[PDB]
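These notes concern the structure reproduced below.
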Amino acid sequence: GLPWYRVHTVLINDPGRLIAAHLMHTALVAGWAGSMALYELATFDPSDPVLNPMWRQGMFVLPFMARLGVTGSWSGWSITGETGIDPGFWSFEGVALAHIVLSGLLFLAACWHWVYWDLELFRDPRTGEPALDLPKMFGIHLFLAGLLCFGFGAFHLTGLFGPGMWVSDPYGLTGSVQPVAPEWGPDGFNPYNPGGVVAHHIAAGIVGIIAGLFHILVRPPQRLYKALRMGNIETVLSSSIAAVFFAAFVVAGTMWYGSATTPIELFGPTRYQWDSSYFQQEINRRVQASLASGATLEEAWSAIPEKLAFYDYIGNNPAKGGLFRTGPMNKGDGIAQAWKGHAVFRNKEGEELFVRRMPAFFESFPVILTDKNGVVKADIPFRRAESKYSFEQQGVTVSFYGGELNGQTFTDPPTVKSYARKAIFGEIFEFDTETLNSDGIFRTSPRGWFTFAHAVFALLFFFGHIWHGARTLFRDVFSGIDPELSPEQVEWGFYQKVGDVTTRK
Amino acid sequence: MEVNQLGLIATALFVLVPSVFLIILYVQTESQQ
Amino acid sequence: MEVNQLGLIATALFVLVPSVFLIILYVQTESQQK
Amino acid sequence: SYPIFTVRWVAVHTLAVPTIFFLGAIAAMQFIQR
Amino acid sequence: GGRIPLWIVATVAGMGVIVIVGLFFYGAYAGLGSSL
Amino acid sequence: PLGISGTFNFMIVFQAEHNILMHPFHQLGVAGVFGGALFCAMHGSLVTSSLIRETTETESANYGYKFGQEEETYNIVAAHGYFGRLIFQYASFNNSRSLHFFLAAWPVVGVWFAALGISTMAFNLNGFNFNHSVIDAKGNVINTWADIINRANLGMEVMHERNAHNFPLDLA
Amino acid sequence: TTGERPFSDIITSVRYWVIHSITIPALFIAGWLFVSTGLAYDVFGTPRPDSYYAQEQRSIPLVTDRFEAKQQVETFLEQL
Amino acid sequence: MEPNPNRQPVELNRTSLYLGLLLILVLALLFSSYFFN
Amino acid sequence: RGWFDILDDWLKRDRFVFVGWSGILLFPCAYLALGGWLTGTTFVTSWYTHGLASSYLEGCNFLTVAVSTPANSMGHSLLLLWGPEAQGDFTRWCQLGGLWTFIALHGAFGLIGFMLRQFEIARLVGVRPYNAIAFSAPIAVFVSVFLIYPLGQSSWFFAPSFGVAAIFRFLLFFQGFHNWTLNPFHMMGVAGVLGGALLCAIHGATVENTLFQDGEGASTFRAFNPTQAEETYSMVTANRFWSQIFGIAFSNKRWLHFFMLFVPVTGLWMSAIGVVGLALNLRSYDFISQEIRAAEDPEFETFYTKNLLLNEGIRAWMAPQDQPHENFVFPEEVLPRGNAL
Amino acid sequence: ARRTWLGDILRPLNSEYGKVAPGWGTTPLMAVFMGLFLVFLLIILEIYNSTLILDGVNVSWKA
Amino acid sequence: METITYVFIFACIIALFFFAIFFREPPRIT
Amino acid sequence: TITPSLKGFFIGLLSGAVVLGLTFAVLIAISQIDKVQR
Ligand code: CLA
Ligand code: CLA
Ligand code: CLA
Ligand code: CLA
Ligand SMILES: CC1=C(/C=C/C(C)=C/C=C/C(C)=C/C=C/C=C(C)/C=C/C=C(C)/C=C/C2=C(C)CCCC2(C)C)C(C)(C)CCC1
Ligand SMILES: CC1=C(/C=C/C(C)=C/C=C/C(C)=C/C=C/C=C(C)/C=C/C=C(C)/C=C/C2=C(C)CCCC2(C)C)C(C)(C)CCC1
Ligand SMILES: CCCCCCCCCCCCO[C@@H]1O[C@H](CO)[C@@H](O[C@H]2O[C@H](CO)[C@@H](O)[C@H](O)[C@H]2O)[C@H](O)[C@H]1O
Ligand SMILES: CCCCCCCS[C@@H]1O[C@H](CO)[C@@H](O)[C@H](O)[C@H]1O
Ligand SMILES: O=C1C=C(Cl)C(=O)C(Cl)=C1
Ligand code: OEX
Ligand SMILES: [Cl-]
Ligand SMILES: [Mg+2]
């Protein structure tokens, strides 16, 4: 009998039931997508895209629907915060329902192909044995993939017959679905240029159409047919697994570093935006431009959008989570309610002091305050007996500009110290920690969880490639080596060329 | 201790689903002629 | 809704334990020589 | 009747020639003082 | 191809290794890396 | 301690107090267990690679061996013909007895030295100490990777058993 | 037994040791001089003992710019 | 309906059962702490 | 036939060192990775990337030399010699850490070449390629630790540097920052490595102590012939011994040797998965229930809370010198310390 | 085996199992496209890496 | 509940030891 | 136009092409001389 890890090899010689098994797998995947969208719709709060967007809420498939133009609900809301929109049938709910119906139809087709496995189509006319012409199948499938790839770029992404795709400004403040024209110059290869995505699918699609026609009409060279074992369906599994782990590494990379197809309003900010103080620099730029135009400090900071400030906060950094800290980011620090405003610390001399921010590497971090030149001026000491820089000795105060606490100043050292502890995380927010019984411990976003699963799966699929590639090229010895294997073929000196009986001396 | 409530069902299915899979296969092996 | 937390494991074992018992008996019946 | 310059010969010397040069360098370093 | 006995080669070659490694240990106590 | 995290606590404190990573007996230990795992995989793969065909394509190849059969179940000449070409011919074990002696000896000797590492650091003969070993012409300390290890060791030392020490040196 | 002369034959022959009584010490001496002349420092850009710091400097010359790094080391080196 | 000639019996011997149950139970003993968190 | 077949002939000749098609990739990349490491550890500093001496030329010994990672400000630059950072300047390239990416990338392609060699030779002599399959574990470890881990972090700077003491630092960083000993994927790696060493020792010792007397010598190694048909040791006696000593024993020699492949290979694959998580700081750092109890109850203490205090020491005491681009200044009063020490 | 209307229509597309072109066929042309593709992947990788920096190609959110 | 879960899995493993040893598939010579 | 890093890219591409070209030219030449005897 077959051991448990080989039960599915009964399909190798049975094209009809292989198709049935593939239909069943497709039904399950489409069924997962539908159920996942429904579960997210049953839990998603659409009322605040500024401080409670989808990526704070553990939403995994919602951003993929939004990325390609599904932004509305039948119940009237849109993820950009609009009310009273008519999405038509293709709301989030319509997408979910369509996937459920597809799952059912695929399931029924699997049953038919399982029962009626013995179709004459699957028999070689000459031999009567089961046979699939894998080279021609590749040409047909590649041609079809080309057509669909071309149409996706030329019609859907352009908006010519379709909705377009998600695009946004460089700071993720005004994202929406737009038509995108293709970019045909060298900037099309810029990962942050959405026009390159359009151009890719047009050009790669046409190349796929041409190559598909080539593989339909030209038979493989005998040299390549034999070397890649093109009569063996397991060779296709080997190279397909290889292509698939290549793809999975690529999407892991573009998710972690960011691109035109992993926008921050859908998946959250990247860790590199914290590393480079990307949002802090833009906030500071706007405030200094406000001041140069004659604004007061309160007006300058009050002109900063809450959404921009919220990106300048480490609790949204995807490199701050934990493998077993499950659920939405809101489960950790809470549901963000409002920006408290920008904290400005000062010592008794009135010098402005700056809290040293926490790097992503550190689960915990001390509170150290420096002047504008980086000289240490205050801290929160561990040992007290030789403290020189305590907030009490240095007379540290904090004033807030913008947000809830605008115009307020605090001098009580425990209160000032409490705000300094928050300032190591960047801008300071008020959180609802009760609704979800949040535990105060940082979690990663969909950007982080996506990256993790796909880098892990990609690595495991490398083993799959190695395994099935080995099975393909060594099929003649899968059960063992030849019992009367020639000892001269493995010893030294008998053959000039290793393993070539025709080169004996 | 404030443990995750889903930890119990997660552990129970983690044990039971693959264990019963093996028991199903073992028993139908024994019953073959 | 504030349901009993043990309701989930109770229902899951209630379904799985006797269902698996029947599946074991069925499969080993099918595998007997015919 | 044996050949002298073989694949083995090259492999030996790509390793052995630098090793002796390096060992001469590291030996000289033992006499560097700050 | 055989004139020099293999045991003398092995002895002489082994002694050279001891000398050169000995020098490296000497250098741990003098000059750079000696902490002095 | 008789526990999982307690084991890690013992290891981290040991590194603080003995710099065990820089001790050659622990390094031999690592060569022992890394090498044991390597040769375990190597021997397993080579014997498995050279099983003589005794089964059909469907059944497990393990059916090709019957407990107590007198014939060896793999062709060691084929395994050594592969491995000798992977490296070079004389680097390979043709003799099964020599091979299996090496499989026993390499991890056992390494782990003996690991045990002796712990048993001699038990009397405070500790790992190599190259803290501030490299000095420039003026006398500035030029750090090496040994000095970074020292900084990590210091963090362990000053924090462990945080209420237990009253005097400045941890002498046991 | 692959057709090459055995190593034991080679390293016990007089011709081998006639050749390598010249080549081995010559390589060794060439490597020595590579260090003793200071050329190793300049090929690899490794500081001499008097070249890690200027006389009153206390800050290490860490590279901080990716694309002007080549020029950054050039400036750190010219301050010595 | 004509019988499918590609069908095969499946086997799991008692040792494989014990090995599998050990794997499963030890994985559970290891991962359960992290599930409870 | 044609030139391809003539070239194939010469590549696959039986010789002292087999070349093969895979050798065209393997030998240059392996040689350059090893040569690069010897070149750097002998002659090359880490002053400009780390503020560290790291070569024999500067006074380091075998334990403390390294080829160190580039400065954090290089990011994940490939740091090609002809690239925009070194612009063809070999000396500047060494000072910038070019040898690190040189070794890591040639090393990776060398590992690809070596595994291709294992397939190619297995195919030529007629054996199943399980050796190549087993080698996928070393490759998963190398790719996850030296490539994926730094690619998830800020730069190559936080990859392992190629040196003995540099690697020890990497271990200690992972304890203090990642609490890596707590990670169940590392624990599976440990079980696979230690269980592999156990299997290695117990199998070798068992064969050697159930040998048949096949000769008259008291030294028993000469009494074996590779072509012999008969087992050289008694599987039946070995099985009875272990059944009575330990309760269970192998009885199938094919299963035994497959299991010896399976155990260390699977362990290394599991550790690679944990490191892929650490690339994103996706750690098994804490147990939330422990932290809630300990925060509210200052008499509650476990070995888990004790180890986090050690990690907090490691981070504060090692980071200023270990991460010089951060310009950390931690005044004495902020450093975590217990009493007296 | 069972013939069907759809099976009879698709039958010619699954009829050339094992058919090959003689010898090396279009292998040289295939190798050319493989080399171009390798250079192409190298190009996009180095642009993403900021090892290849082009006029009007700012690899940043700011573009 | 967590304590019960940990002790239950441990107890199953000990029971498995007993069956794997005393109710093993007996080795038979051939 | 052509940036310095594009020029460097061409230097890398050509350098790699030469190393590969010379390797295969030497190997093919050696293989034609020292033919296996059948
Ligand atoms: C009938 C058509 C159809 C349409 C219009 C959709 C539409 C959608 N799907 Mg559904 N789906 C379908 C069928 C469909 N699906 C089927 C049959 C399955 C089972 C496999 C699924 C399983 C599924 C899942 C699991 C998910 C969706 C999701 C979605 C949404 C996001 C799409 C996306 O990001 O994909 C991205 C697609 C790609 C990146 C394509 C990659 C193609 C690779 C690169 C091809 C390489 C092969 C090729 C031959 C190479 C050569 C090419 C040549 C041109 C050169 C979108 C609403 C997502 C969602 O939001 O769920 C609610 C989601 O998670 N779908
Ligand atoms: C590509 C896969 C993928 C990714 C990246 C996400 C991502 C996300 N999910 Mg989704 N989900 C998925 C597939 C995925 N999901 C599938 C297949 C289902 C059906 C089960 C779900 C059902 C689901 C629900 C019900 C919920 C989510 C939620 C979430 C969010 C939080 C995730 C979390 O806490 O993980 C935690 C991750 C772990 C604890 C890691 C597990 C690692 C395993 C246990 C290791 C196993 C090791 C193995 C035994 C070793 C064998 C060794 C052997 C070989 C020897 C996040 C955005 C949550 C949310 O916020 O929704 C709004 C939520 O409530 N997801
Ligand atoms: C396209 C993906 C793909 C496909 C179609 C196959 C197909 C096959 N595999 Mg390969 N393989 C793959 C990827 C794939 N593999 C990957 C990624 C790996 C590394 C993990 C492997 C490693 C591998 C090995 C070592 C072996 C196979 C074998 C086989 C054959 C029998 C499988 C069987 O009967 O399992 C039966 C499986 C079970 C009864 C239960 C498995 C339970 C798993 C471990 C846990 C639960 C999985 C979960 C449901 C998956 C969710 C989806 C996931 C992607 C998130 C079959 C041809 C076998 C073979 O060659 O036989 C001759 C074999 O020994 N595969
Ligand atoms: C097969 C063996 C092999 C492999 C796989 C590598 C691989 C590598 N080398 Mg190494 N190297 C080798 C042998 C090898 N090398 C040898 C023998 C030497 C001594 C001469 C070196 C000396 C060396 C140095 C000094 C450096 C490298 C570097 C590298 C890395 C970048 C290479 C690159 O971008 O080239 C790109 C070139 C190609 C991809 C060639 C492919 C060409 C295709 C197939 C056809 C195109 C032809 C083209 C159109 C011709 C016209 C050009 C025209 C347009 C100008 C890469 C990991 C760099 C590095 O490691 O940085 C950290 C580096 O600085 N190598
Ligand atoms: C029949 C029919 C119908 C119906 C249908 C339906 C109703 C369907 C459903 C479906 C469904 C509803 C499906 C679902 C699916 C799901 C799935 C398939 C899942 C899976 C999962 C998994 C696989 C997971 C895994 C895991 C875990 C668990 C943990 C973590 C890790 C991982 C992630 C791995 C209609 C009416 C249309 C009509 C026609 C006919
Ligand atoms: C990087 C690079 C390159 C390359 C180079 C090379 C390839 C080099 C090599 C080099 C080499 C190749 C070197 C070598 C060295 C060696 C040595 C340095 C050795 C030493 C030894 C010793 C010291 C010994 C010890 C011992 C042991 C181990 C055991 C016991 C005994 C005794 C203790 C004695 C090129 C140009 C391409 C390009 C640029 C970059
Ligand atoms: C919630 C967890 C659920 C996990 C579910 C796991 C399900 C596992 C399903 C296993 C199905 C076993 O499939 C079963 O195989 C046996 C052989 O092995 C077949 O048995 C067949 O072969 C045997 C042996 O040659 C003959 O004696 C028998 O007459 C014949 O019918 C059965 O017809 C089939 O029903
Ligand atoms: C005692 C000082 C005033 C109270 C604390 C002010 C810092 S800000 C404070 O930080 C909390 C997390 O600790 C958040 O949950 C909360 O929303 C926020 O008000
Ligand atoms: O040379 C060999 C080395 C090892 Cl580890 C083996 O297992 C065999 Cl069979 C031959
Ligand atoms: O107890 Mn446990 O650890 Ca040996 O050092 Mn002293 O004592 Mn305590 O300190 Mn550090
Ligand atoms: Cl004391
Ligand atoms: Mg010295």
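Methodologically, a virtual Cβ is constructed for each residue, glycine included, from the backbone with ideal geometry; neighbour enumeration extends over all protein chains shown. Each reported figure results from applying straightforward, stated rules to the coordinates on display, with no laboratory input.
Pulled fully out, how much extra length does the chain show between A:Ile85 and A:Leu460, if you take 0.36 nm times their separation in residues and subtract their Cα-Cα distance?
130.6 nm
From the phi angles alone, apply the Karplus equation (6.51, -1.76, 1.60; θ = phi - 60°) to the range I:72-85 and give each ³J(HN,Hα) in whole Hz, x where the residue is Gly or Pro.
3, 6, 6, x, 10, 3, 5, 6, 5, 4, 8, x, x, 7
Go through F:31-37, F:153-159, C:12-18, A:278-284 and give me the packing order, highest mean Cβ count within 10 Å leading.
F:153-159, F:31-37, A:278-284, C:12-18
How much mean residue ellipticity at 222 nm does chain A get from its helices, if each DSSP H run of length 4 or more adds -39500 (n - 2.57) and you divide by all residues, to the nearest 500 deg cm²/dmol?
Value at 222 nm, helices only: -13500 deg cm²/dmol.
What value, in deg cm²/dmol to 500, does the helix sum -39500 (n - 2.57) over DSSP H runs of n ≥ 4 give at 222 nm once divided by the residues of chain I?
Result for chain I, helices only: -19000 deg cm²/dmol.
Return the whole-Å distance between the Cα centroid of the range G:16-80 and the Cα centroid of the range A:66-113.
The two parts, judged by their Cα centres, are 66 Å apart.
For chain I, what does the alpha-carbon gyration tensor say about shape, rounded, prolate or oblate, given a ≥ b ≥ c as the root eigenvalues, a/c under 1.5 as rounded, and a/b over b/c as prolate?
Oblate, since a/c reaches 1.5 and b/c is not below a/b.
For F:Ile52, what residues show an amide H to amide H distance below 5 Å, using hydrogens built from the backbone and excluding near sequence neighbours?
Excluding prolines and chain starts, which carry no amide H, the hits are A:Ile481, F:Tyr74, F:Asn75.
Please find the FRET efficiency linking A:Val29 to A:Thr409, where r is the Cβ-Cβ separation and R0 is fixed at 60 Å, and quote it to the nearest 0.05.
My answer for the efficiency is 0.55.
Using only the alpha carbon atoms of the range I:244-318, find the Kirkwood hydrodynamic radius as the inverse mean reciprocal pair distance, in angstroms to one decimal.
Its Kirkwood hydrodynamic radius stands at 16.8 Å.
Just to confirm the filter: which trypsin sites (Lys or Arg not before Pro) across the range A:350-404 are DSSP coil and have at most 13 other Cβ within 10 angstrom of their Cβ?
Within the range A:350-404, the qualifying trypsin sites (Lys or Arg not before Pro) (loop, at most 13 other Cβ atoms within 10 Å) are A:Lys372, A:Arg383, A:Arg384, A:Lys388.
Please express the Cα-Cα pair-distance distribution P(r) of the range J:13-63 as a list of whole percents, one per 10 Å bin, running from 0 to the bin with the greatest distance.
Histogram of Cα-Cα distances, whole percents per bin: 19, 27, 21, 15, 14, 3.
Taking I:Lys12 as the anchor, which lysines have their alpha carbon closer than 17 Å to its alpha carbon, excluding any fewer than eight residues away along the same chain?
Within the straight-line limit of under 17 Å, I:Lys12 reaches these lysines: A:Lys497, A:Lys505, L:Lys35.
May I ask you to sort I:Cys94, I:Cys60 by Cβ crowding, counting other Cβ atoms within 10 Å and putting the fewest first?
Fewest to most other Cβ atoms nearby, the residues stand as I:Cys94, I:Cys60.
Suppose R0 equals 51 Å; then what is the FRET efficiency for I:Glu326 and L:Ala29 from their Cβ-Cβ distance, rounded to the nearest 0.05?
Taking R0 as 51 Å, the efficiency between I:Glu326 and L:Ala29 is 0.40.
Could you please rank I:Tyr285, A:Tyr39, placing first whichever residue has the fewest other Cβ atoms within 10 Å of its Cβ?
A:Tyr39, I:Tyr285
To the nearest 10 degrees, how steep is helix I:303-322 against the longest Cα principal axis of chain I, on a 0 to 90 scale?
For helix I:303-322, the angle is close to 70 degrees.
Please report Rg (one decimal) and Dmax (integer) in Å for the Cα set of chain G.
When restricted to the Cα atoms of chain G, Rg and Dmax are 22.9, 66 Å.
Would you mind ranking A:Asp14, L:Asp34, A:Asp45 by Cβ crowding within 10 Å, fewest neighbours first?
Least crowded to most crowded, the residues run L:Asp34, A:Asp45, A:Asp14.
By what distance, in whole Å, do the Cα atoms of the range A:316-462 stretch along each of the three principal axes, largest value first?
Ordered largest first, the range A:316-462 gives principal extents of 61, 32, 27 Å.
For E:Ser35 paired with I:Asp5, estimate the spin-label separation in nm (one decimal), with each label point 7 Å from Cα along the Cα-to-Cβ line.
Going from the E:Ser35 label point to the I:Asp5 one covers 6.9 nm.
Which residues make up the longest stretch of chain I that has no GluC sites (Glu not before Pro) in a DSSP loop with at most 16 other Cβ atoms within 10 Å?
I:1-215
Which value in nm describes the separation of the simple spin-label points at J:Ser15 and A:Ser47, placed 7 Å from the Cα toward the beta carbon?
6.7
Straight-line reach from A:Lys348: which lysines have Cα under 26 Å away, leaving out those fewer than 8 places along the same chain?
A:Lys340, A:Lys372, A:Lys377, A:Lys388, A:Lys417, A:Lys422
Where the centre of each part is set by its Cα atoms, how far does the range A:443-505 sit from the range J:8-63, in angstrom?
25
I:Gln244 to J:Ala31: FRET efficiency via 1/(1 + (r/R0)^6), r the Cβ-Cβ distance, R0 41 Å, to the nearest 0.05?
0.05
Filter chain A for me: DSSP H helices, axial length by Cα at least 27 angstrom, mean Kyte-Doolittle hydropathy not below -0.5. List them by residue number.
The qualifying helices are A:15-43, A:92-115, A:194-217, A:233-257, A:446-473.
Using a Gaussian network model of chain F whose springs link C-alpha atoms within less than 10 Å, name the residue from F:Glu59, F:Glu72, F:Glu17 with the highest mean-square fluctuation.
Per the Cα network of chain F with a 10 Å cutoff, F:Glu59 tops the list.
What is the angle, in °, between the Cα long axis of helix I:184-209 and the longest principal axis of the Cα atoms in chain I? Nearest 10 is fine, range 0 to 90.
Long axis of I:184-209 versus the principal axis of chain I: about 30 degrees.
What percentage of all Cα-Cα pairs in the protein assembly as shown are separated by more than 53 Å?
For the protein assembly as shown, the fraction of Cα-Cα distances above 53 Å is 32 percent.
Nearest 10 degrees, 0 to 90: what angle lies between the long axis of helix F:4-18 and the longest principal axis of chain F (Cα atoms)?
That works out to roughly 60 degrees.
Under a cut-off of 14 Å between alpha-carbon atoms, report the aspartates and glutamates in cross-link reach of I:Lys253, not counting same-chain residues fewer than 8 places apart.
Answer for I:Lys253, where 14 Å is the Cα cut-off: F:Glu54, F:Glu70, F:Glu71, F:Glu72, I:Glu230, I:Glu231, listed by chain and number.
Chain F: Rg/Rh from Cα coordinates, Kirkwood Rh?
With Rh from the inverse mean 1/r over Cα pairs, Rg/Rh is 1.18.
Using only atoms on other chains, find how many Cβ atoms lie within 10 Å of each Cβ of peptide F:91-98 and report the average.
5
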